[PDB]
Amino acid sequence: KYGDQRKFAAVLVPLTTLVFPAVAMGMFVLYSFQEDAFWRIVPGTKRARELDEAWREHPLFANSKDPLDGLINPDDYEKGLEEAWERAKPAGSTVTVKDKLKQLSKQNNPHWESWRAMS
Amino acid sequence: XXXXXXXXXXXXXXXXXXXXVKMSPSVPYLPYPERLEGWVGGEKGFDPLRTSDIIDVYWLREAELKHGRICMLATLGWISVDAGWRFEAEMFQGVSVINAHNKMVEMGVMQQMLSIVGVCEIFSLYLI
Amino acid sequence: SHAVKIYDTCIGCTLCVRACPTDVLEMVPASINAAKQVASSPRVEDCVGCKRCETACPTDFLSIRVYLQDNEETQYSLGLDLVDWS
Amino acid sequence: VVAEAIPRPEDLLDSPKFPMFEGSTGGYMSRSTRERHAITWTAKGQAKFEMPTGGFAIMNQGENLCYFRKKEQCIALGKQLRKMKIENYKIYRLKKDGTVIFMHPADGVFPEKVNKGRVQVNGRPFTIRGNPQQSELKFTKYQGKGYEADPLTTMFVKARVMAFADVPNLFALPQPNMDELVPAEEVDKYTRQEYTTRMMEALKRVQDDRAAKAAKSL
Amino acid sequence: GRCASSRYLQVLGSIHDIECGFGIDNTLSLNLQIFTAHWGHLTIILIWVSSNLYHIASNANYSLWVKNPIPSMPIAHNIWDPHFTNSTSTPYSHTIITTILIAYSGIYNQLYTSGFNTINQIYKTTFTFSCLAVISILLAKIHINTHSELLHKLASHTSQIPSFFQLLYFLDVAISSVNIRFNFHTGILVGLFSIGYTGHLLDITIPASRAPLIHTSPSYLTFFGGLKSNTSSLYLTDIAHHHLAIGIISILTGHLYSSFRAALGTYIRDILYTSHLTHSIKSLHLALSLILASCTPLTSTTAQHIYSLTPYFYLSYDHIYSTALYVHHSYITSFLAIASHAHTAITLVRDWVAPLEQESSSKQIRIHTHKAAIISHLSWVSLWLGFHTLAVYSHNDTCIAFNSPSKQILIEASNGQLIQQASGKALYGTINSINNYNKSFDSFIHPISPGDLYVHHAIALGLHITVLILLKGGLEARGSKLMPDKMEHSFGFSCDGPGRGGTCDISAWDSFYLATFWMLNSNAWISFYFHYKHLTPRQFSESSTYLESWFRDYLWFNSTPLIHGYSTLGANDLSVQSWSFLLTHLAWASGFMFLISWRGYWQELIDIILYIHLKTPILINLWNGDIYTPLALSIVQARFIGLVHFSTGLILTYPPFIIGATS
Amino acid sequence: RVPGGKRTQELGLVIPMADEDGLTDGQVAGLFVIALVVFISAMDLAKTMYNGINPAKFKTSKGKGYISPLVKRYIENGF
Ligand code: CLA
Ligand code: CLA
Ligand code: CLA
Ligand code: CLA
Ligand code: CLA
Ligand SMILES: CC1=C(/C=C/C(C)=C/C=C/C(C)=C/C=C/C=C(C)/C=C/C=C(C)/C=C/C2=C(C)CCCC2(C)C)C(C)(C)CCC1
Ligand code: SF4
Ligand code: SF4
C-alpha cells in the first residue's frame, strides 16, 4: 500500500522532534554549568588559558603577540634611533632614547584583561 | 645530494651538481623521490606523475596493497570459475564467469557479500 | 568591567568627576593644562557605563572616553541589586 | 585615613545610628545577597532627606549609618547629603566575611578636588584620534582593543603605516628554502652572534641578486 | 563572579565569529577553522540534496507525475502529525490513504529534465549524495590532520638562521593562496564542471527525452533559441551547447594566474597594482563581501531567467512553481546583496589599514575622501525617486477616486520600450534567418506600460535607499562627525550615550539593521510586481497606476481563498497556509516590541519579577539568582531579535499568500 | 483530498498517488546505515572543531610531522 512508510514515521517523528530535542536541551543546560562552557567566547575560562599557553610554547608563535615583533636586529635599530636622536636632541635635553622608549612602553591600565585571574 | 639544492632562501639558491643528484633507478632522468625512502618498494624509486609529492605515502601504500590483494584474489576467482569450479551447493550454475555477477546479484547472494565486504571496509576506514 | 580612558586634551573641568554616579573618576595633578590637573579613572571596575562623564566633557571631542565591553560585564558594571555575584 | 568598624547589617539590628526612615521594599534583598555597602556621616540638624531605595528619612543630630546593596545608591545619597553642606561622609563596601573596604573618599579628599600623591590611571598621552587602527593590531596583544595600546606601540604602528605606502622602495621578504633547510632542531650550529652575521651576508646576497635581475630589462 | 542570563544571547550573537574566538591566536587557526566549517557546510548541503531526493523517492509520486506532468501535482512528503483528526479524513489525503503535501520547490521538473525516469535512479542518487557527505566530512578530518602534521613538522623545522620565523606566515599558504585558487576555481570548478554537465546532457538528458538517435553525434549541439514547443522549455541541445561554450571559455580563462609554477601566468597582486584597485586581498571579510556581491547578480538572474526562459520540462505549466521559485531566489539574492555591504563595513572596521591622513592611494582612501559627496548625492536621488513616485501615485489615486480615470499622469515607459524594441528586432532578425523558424521566447520581453514604469521607479527607489543606508554605514563605520572614534569600538555596539545630542543606532551594525528593513521592503515591492503581473497581466496593465488598485485588486481580492482555508464550514488543503499566515503575522507583530520598547523598561520589569521569585516561599530556598541572573536583553541583542522577528514575519507571510493565490 | 484555490478546482488539477510503496524497508535501512555513518563522522568533526588545533602536540605526540613535497613548493612559490 502507499502507506507502510508510516511505520518509520511513528518512531522517527516522535523521536527526533521530542526525545532528541528534550535530551539536547537538558544536555545544553547541563553544559552551561561546566567550567569549560562557551570557552571560546566567554572570557576567563581555563581552556582559553591553556590554549594560549600552548600556542606560546610553539617555537614559531613564541613572540607572536608582541606588536613590535619583526626587528631582525633590534640592537641595530636602537643604535640608529639613538644616533638620529642625538643630532636632533634639543639643546641640553637630558632625555635618552632608551629610557624614553622604556617609559613610552610602560602605561598604566590596571583594568585591562583583568579577567585573567579566575580560571 | 638528496636535497633539491643548497641555500638559505629560494632566490639565491645553489642547485645541486647534476652528476651529484641521487636520481631514480627506474626513471633514470628523474631525481629520486625522497618521500618514498623507508617504504618497502623504495629501491626502484618509481614515481613519475608525482603522486607521492602530494599525497602521504601511507595512503598510496594502503591503496597499492588493497588493489594488489584484491586483484590476487580476483585473478584466482576468475581463473577457477572459468576453468569450472562452481561451489558445491546448487544455485551456483552460472555457466560463465562474465554473467556470474549479474546472475548472482539476481539470486540474492551478492547483496550478502557486499554487506560483509562493506563492514570490513568500514572497519578498514577506521584503521586507515 | 568597561574601559574608561582619559586623554591629554583634558583641561581639568572636574565636571566628569562630578557627573560620575559611582566614584570612578578622580582629579590628579598634572602640568599639561592651565588648570594643572587632569582626570583619572582608577576605579573603572565600578563603572556602570552611564556615560554621564562623556556628556559633561566640554572638549571638542571627549577627553574621557568610555568603551563598552558587554562580554566583560561584572556585577558592579551591571548594577545588580537583587543578585550577588560574590 | 582610618577605616571604621562598620558591622555586618545582619548583626547590627536596632542601632542608634540608623536614621528614622520609613522603610520600603526597595532595600537590599537579603536571603540572596551578602555584599552590602554602608555610608556613614555626621549631621548638624535632623534634616529630612530621601533614601535611594524609596521612602524618606530624617537624619540624626549625631552620627548616621545606612546600608545599601549597591555603591551607586550610596554615592547618590552622598551627593544628596553634599548638596546639604554635609561633608565628612564615608562609604564602605562590606564583604561577605565582614571585611570593611573604604571606598568613596578614598584618600580622604573628594575626587573632584586635586590631592597630591595621585597618578593619572588609564591616561593616554595624545588626542582621542591618536589611537592606533584596529586593523593594525590583529592577532597581537590588542587584537580588538586598539584603545588599550601603549603609546610606544601606537607610534610603532604609525611609523609602519608611514613606511608601507612607499611601495617601490619596500623590500620583499625572501621566500624560505623549505626543501634544503629545516633539519632536526638538534641540528643547529649555535653561534647566535654569528647567526646575525649570516643574516647580514645572506640578505646582502639576496639584495645584490635582486638588483642584478632588475638591471636586465628595466 | 559569574555570568547572567545575557550570556546565551552574547555567545550566540558571535557563535560563528571565528575572528572573535578566544583560543584563536593566528591566521593559521582562523583559516583552518573556516576551511573545516566549509567542509561541514558542504556536507550539510549534500545531506539536504539527498533528503529531497529520498523523499521524492519514498514519500512521493515521481513515477506517476512524470507520465502526465501538466495536470498532475507532485508530492513533497507525507504528513505524520498526531494532532490531526484520528477520525474522518484530512483535506490533505484521499480518504483512507495517507496524508501528503504538494511540492512547490521545483525538483520534479529538475529531475525530469536531467533525465530521471525511475524511482530506483533517485534512490541510487540519494545513496551517492550521502556517500559524498561522508567524503566531505572525511576530507575535513584529513585537512585538519595535515595542517596539524605541518605544525608538528615544526618540531623538526629550523632555518639555522634567525629568518626561520618567516615560516609563521606560510603555514596557511594552502588556504590563503589566491592565484592557485583563482586559476583552479575558474578553470576546473566552472569550465570543466560545465563541460562535464554537457557530457551528462549528451549522454543521458537528450537520449532520455526523444526517440533513439545516433551515438550522441555533434548534431546534439544546436543553436535554435528558446521554448521548445511541446515541453515549453529550452532545447536540451541548446543547453548542452551553452554549457559547452561556457566551459571552453572558462577553461581558457583559468590559465591566467600563476598557480603551480612561477614561470607561467601573471600574479593577481601585479594585476591589481597597475589598475584602480590594489586592495588588501588578505582580508577574509573583503573576499567574502565581494563574492557575496557576486552570488547576488547570479541569484537575481537565476530568479529572472528561470521564469523568463523556463529551462525545465513543463515548468511554465505549473502556476505555483514559477512564482515560488522567482520569489525564493529574489529573497536569496537580496540577502546576499545586503550581506556584501555588511561584510564591506566589517572589512573597513576590522581588516583595513589606511594611510596617515592624506595619501590618496588606496581605493577606499579615495572613496573616503569624498564620502560626503557620495552620501549626499545618494540621498538626493533617493529623495527624488520617492517624491516623484509617491506624488504621481497619489495623483492617480486621487483622480481615480474622483471618478476621473482620464486625469491620471501616465508617463509612457518609452526607454524600456525602446530597449525592448531593439532586442525584439534583433531576435526577429535571428529568427527570420532560420529554416526552422517560428520560435518562442516566453516572457523575455513583456508588455511594458505606465504601471511598469511607476513600479520600476519604486524598485529603483528601494535599491537606492538600501544602498544609501549600507554605504553610509560602511563609509562612516570608521568614524563620522558625530562619533569620530567609531573604529576603536566593535562593529556592533549599543550607542554612545544620551549626551552629545543622543546617539541611538550609531554603530555600523545599526546601519545594517536599518538597511535590512529597506531590503525587505524593496524585495516585497519586486515580488508584488512580479506576482501581480503574473496573476492578471491585463488588469495590471490597466489598473496598476494608482496604489488603491494594488491594495484592492491584488491584496484584498487575491486573499479570498487563503482566509477561507479553515473556517466554520470545513477545511481545504490550504489550512496550513492560513494557519502559517496568521502565525507569521503574530511573529511579525511580536518583533515590534523588541524594536519599539527598549531595554530599561524591561530591565525594571525583570527586576520586579526577580523580586517576586526571591520572595516566593519555596523558590528562595532553592534559587537565589546568583548563578544565571535573569537580565533584560542588551540593546544590540534586542535590536537583532526584533529584526529577526520582523524579517521572519515579513518573509514567511508571503508564501501562504502565493500558494493561496496561484494554486 | 479537498482542494483549495480557484485554479485547482477550475482546471481539475489532481495529485496522483502511487498505489505501491515507493521504497522497500530494506532500501530505507540501507540509507539509514550511511546516514548513521554521516552522523558519527559529523559528531567527530564537531568535537574536533570545538576543541580546535592543539599546537602542543609536538611535545607529546609521536612522529615528527610531515609537509608534503607540493606544500613546500606552494610555500616557496609565493603567497
Ligand atoms: C503581537 C505582538 C505582541 C505580543 C504577542 C506581545 C506579548 C506581550 N507583551 Mg507586548 N508589545 C508589542 C507587541 C506584542 N507584545 C508591541 C508592538 C509593543 C509596543 C512597544 C509592546 C509593548 C509592550 C509593553 C510595554 C509591555 C508588553 C507586555 C507584554 C506581555 C504581556 C502579555 C502576556 O504575558 O501574554 C503572554 C504572551 C503571549 C504572546 C500570549 C500568547 C502566548 C502563547 C499563545 C501561548 C504559549 C505558546 C506555547 C507555549 C508554544 C510554546 C513555544 C514553542 C516553541 C513550543 C506579553 C509577553 C507587558 C509585559 O511583559 O508585562 C507582563 C508590558 O509591560 N508589551
Ligand atoms: C591502483 C594501483 C596502484 C597504487 C595505488 C600504487 C601505489 C604506489 N606504487 Mg605502484 N604499481 C602498480 C599499481 C599501483 N601502485 C602496478 C600495477 C605496478 C606495475 C607496473 C606498479 C609498480 C610500481 C613500482 C615499480 C614502484 C611503485 C611505487 C608505488 C608507490 C609510489 C608511487 C605513487 O605515488 O603512485 C601512487 C599513485 C597511483 C598509482 C595512481 C595512478 C593512477 C593513474 C592516474 C592511472 C594511470 C594508469 C592508467 C590505468 C593507464 C591508462 C590506460 C591507457 C590510457 C594507456 C605507491 C605506494 C614505488 C614504490 O615502491 O615507492 C614506495 C615504486 O618504485 N609501483
Ligand atoms: C576478489 C575476490 C573475489 C570476488 C569478488 C569473487 C566473486 C564471486 N565469486 Mg569467487 N573466488 C575468489 C575470489 C573472488 N570471487 C577466489 C580467490 C576463489 C578461489 C578460492 C574463488 C572461487 C569461487 C568459486 C569456486 C565460486 C565463486 C563464485 C563467485 C560469485 C558468487 C559468490 C557468492 O555468491 O558469494 C559467496 C560468498 C559469500 C556470500 C561471502 C563470503 C565471505 C567473504 C567473501 C569473506 C569476508 C569478507 C572480507 C573479504 C573479509 C576478509 C578480510 C581479509 C582481507 C582478511 C561472485 C561473482 C561462484 C560462481 O561464480 O559460480 C556460481 C562459485 O561457485 N568463487
Ligand atoms: C535655501 C534653501 C535651500 C537650498 C538652496 C538647498 C539646496 C540643496 N539641497 Mg536642501 N534643504 C533645505 C533648503 C535648501 N536646500 C531645507 C530647508 C531642508 C530641510 C527639509 C533641506 C533638506 C535637504 C536634503 C535632505 C537634501 C537636500 C539636498 C540639496 C541639494 C540638491 C538639491 C535638492 O535636493 O533640493 C531638494 C530640496 C529639498 C527636498 C528640501 C526642501 C526644499 C526647501 C523646503 C526649500 C526652502 C527654501 C527657503 C524657504 C527659501 C526662503 C527664502 C527667503 C527666506 C528669502 C542642494 C544643494 C540634497 C543633497 O545634499 O544632494 C546634493 C539632499 O539629499 N536638501
Ligand atoms: C533620479 C532620477 C531618476 C532615476 C534614478 C530614474 C530611473 C529609471 N527610469 Mg526614469 N525618469 C526620470 C528620472 C529618473 N529615472 C525623469 C525626470 C523622467 C522624465 C519624466 C524619467 C522618465 C523615464 C521614462 C520615460 C522611462 C524611465 C525609466 C527608468 C528606469 C530605467 C532606467 C532609464 O532608462 O532611465 C533613464 C535615465 C534617466 C531618466 C536619468 C535622468 C536623471 C535626471 C537628472 C533627472 C532629471 C532630468 C530633468 C528633469 C530634465 C529636464 C529637461 C528640461 C531642461 C527641458 C529606471 C528605474 C524607464 C522604465 O522604467 O521603463 C520600464 C522608462 O521607460 N524614466
Ligand atoms: C546498525 C544497523 C542498523 C541500524 C542503523 C541505525 C540505528 C541508523 C540510525 C541512523 C540515524 C539516526 C541517522 C541520523 C543521521 C543524522 C545526520 C546524518 C545529521 C547530520 C548532520 C550533519 C552532517 C551536520 C553537522 C554539523 C552541524 C549541523 C553542527 C556543526 C558541525 C557540522 C557541520 C558537522 C540496521 C539494523 C538498520 C541495519 C544494519 C546496520
Ligand atoms: S570633563 Fe573632560 S575635560 Fe573636564 S576634567 Fe573631565 S575629562 Fe577633563
Ligand atoms: S560611564 Fe558613568 S560610571 Fe563610568 S566613569 Fe563615566 S560617569 Fe562614571
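In what follows, chains carry the letters A, B, and so on, assigned in the order in which the sequence lines appear, proteins first and then strands, with residues in each chain numbered from 1. Both counts, for ligands and for their atoms, begin at 1 and track the order of listing. Computed over heavy atoms, backbone and side chain alike; hydrogens, waters and symmetry mates excluded.
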**Student:** State which residues pass side chain to side chain contact (heavy atoms under 4.5 Å, CB included) with E:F444; sequence neighbours excluded, sorted by chain then number.
**Tutor:**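 Partners of E:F444 under the side chain to side chain contact (heavy atoms under 4.5 Å, CB included) test: E:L309, E:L427, E:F441.
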**Student:** In chain order, what residues pass the side chain to side chain contact (heavy atoms under 4.5 Å, CB included) check against E:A339, with sequence neighbours excluded?
**Tutor:**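 Result, side chain to side chain contact (heavy atoms under 4.5 Å, CB included) vs E:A339: E:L292.
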**Student:** Under 4.0 Å from a heavy atom of B:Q112: which atoms of ligand 3 are those, numbered in the order shown and with their elements?
**Tutor:** 38 (C), 39 (C), 40 (C)
**Student:** Do F:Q27 and F:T24 have side-chain N/O donor and acceptor atoms under 3.5 Å apart?
**Tutor:** yes
**Student:** Establish, from distance only, whether the side-chain atoms of B:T51 and B:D47 form a donor-acceptor pair under 3.5 Å.
**Tutor:** no
**Student:** Check ligand 5 against E:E412 and write out every atom of the ligand that is under 4.0 Å from a heavy-atom position of the residue.
**Tutor:**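 Answer for ligand 5: 25 (C).
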**Student:** Can you list everything that forms a side-chain hydrogen bond (donor to acceptor under 3.5 Å, both in side chains) with E:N558? Sequence neighbours excluded, please.
**Tutor:** none
**Student:** Decide if atom CD1 of E:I419 counts as having more than 12 heavy atoms of other residues, nucleotides or ligands within a radius under 6.0 Å.
**Tutor:** no
**Student:** Short list, please: which atoms of ligand 3 are under 4.0 Å from a heavy atom of B:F92?
**Tutor:**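 Once the distances to B:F92 are compared, the set is 34 (O), 61 (O), 62 (C).
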**Student:** Examine the side chains of E:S316 and E:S232 and answer whether a donor and an acceptor come within less than 3.5 Å of each other.
**Tutor:** yes
**Student:** Looking at E:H457, which atoms of ligand 5 are within less than 4.0 Å of one of its heavy atoms?
**Tutor:** 9 (N), 10 (Mg), 11 (N), 15 (N), 27 (C), 28 (C), 29 (C), 65 (N)
**Student:** With a cut-off of 4.0 Å, which atoms of ligand 3 are near a heavy atom of B:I116?
**Tutor:** 46 (C), 47 (C)
**Student:** For the residue pair E:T369 / E:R366, report whether a side-chain donor-acceptor contact shorter than 3.5 Å exists.
**Tutor:** no
**Student:** Heavy atoms, side chains only, cut-off 4.5 Å: are F:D44 and E:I137 in contact?
**Tutor:** no
**Student:** Taking non-hydrogen atoms only, is B:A100 closer than 4.0 angstrom to ligand 3 via side chain, backbone, both or neither?
**Tutor:** side chain
**Student:** Is E:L385 touching ligand 5 with its side chain, its backbone, both, or neither, if touching means heavy atoms under 4.0 Å apart?
**Tutor:**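 Contact part for E:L385 vs ligand 5: side chain (C-beta onward).
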**Student:** Would you say E:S549 and E:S543 are linked by a side-chain donor-acceptor pair, where the criterion is simply a distance under 3.5 Å?
**Tutor:**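 No, no side-chain donor-acceptor pair sits under 3.5 Å.
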**Student:** Considering the options E:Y532, E:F557, E:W556, which one meets the ring pair (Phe, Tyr, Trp, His ring centres under 6.0 Å) requirement together with E:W550?
**Tutor:**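 Testing each of E:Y532, E:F557, E:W556 against E:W550, the sole residue satisfying ring pair (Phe, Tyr, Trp, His ring centres under 6.0 Å) is E:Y532.
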**Student:** Under 4.0 Å, heavy-atom basis, I'd like to know which part of E:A413 is in contact with ligand 5: side chain, backbone, both or neither.
**Tutor:**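 The part of E:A413 near ligand 5 is both the backbone and the side chain.
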**Student:** Checking E:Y307 against E:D442: is there a side-chain donor and acceptor pair closer than 3.5 Å?
**Tutor:** no
**Student:** Report yes or no: do B:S124 and B:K66 form a side-chain donor-acceptor pair below 3.5 Å?
**Tutor:**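 Looking only at side-chain atoms, B:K66 and B:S124 do form a donor-acceptor pair, the distance falling under 3.5 Å.
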**Student:** Below 4.0 angstrom from a heavy atom of E:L453, which ligand 5 atoms are there? Numbered from 1 as shown, please.
**Tutor:** 24 (C), 25 (C), 26 (C), 63 (C)
**Student:** Enumerate, one pair per line, all nitrogen or oxygen atoms of ligand 4 lying under 3.5 Å from a protein nitrogen or oxygen, stating the separation to 0.1 Å; write 'none' if no such pair exists.
**Tutor:**
| residue | atom | partner | partner atom | Å |
| --- | --- | --- | --- | --- |
| ligand 4 | 61 (O) | E:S376 | O | 3.1 |
| ligand 4 | 64 (O) | E:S379 | OG | 2.6 |
| ligand 4 | 64 (O) | E:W380 | N | 3.4 |

**Student:** Purely on distance, is any nitrogen or oxygen of E:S414 under 3.5 Å from one on ligand 5?
**Tutor:** yes
**Student:** I'd like to check whether E:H456 has a polar contact with ligand 5, where a contact means an N/O of the residue lying under 3.5 Å from an N/O of the ligand.
**Tutor:** no
**Student:** Near B:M104, which atoms of ligand 3 are under 4.0 Å from a heavy atom of that residue?
**Tutor:** 31 (C), 34 (O), 62 (C)
**Student:** Output the list of atoms in ligand 3 that are nearer than 4.0 Å to some heavy atom of B:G77, sorted by atom number.
**Tutor:** 11 (N), 12 (C), 13 (C), 16 (C), 17 (C), 18 (C), 21 (C)
**Student:** Looking only at distances, can you tell me whether any N or O atom of B:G94, backbone or side chain, sits closer than 3.5 Å to an N or O atom of ligand 3?
**Tutor:** no
**Student:** Show which atoms of ligand 3 fall inside a sub-4.0 Å distance from at least one heavy-atom site of B:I70.
**Tutor:**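 The atoms of ligand 3 under 4.0 Å from a heavy atom of B:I70 are 1 (C).
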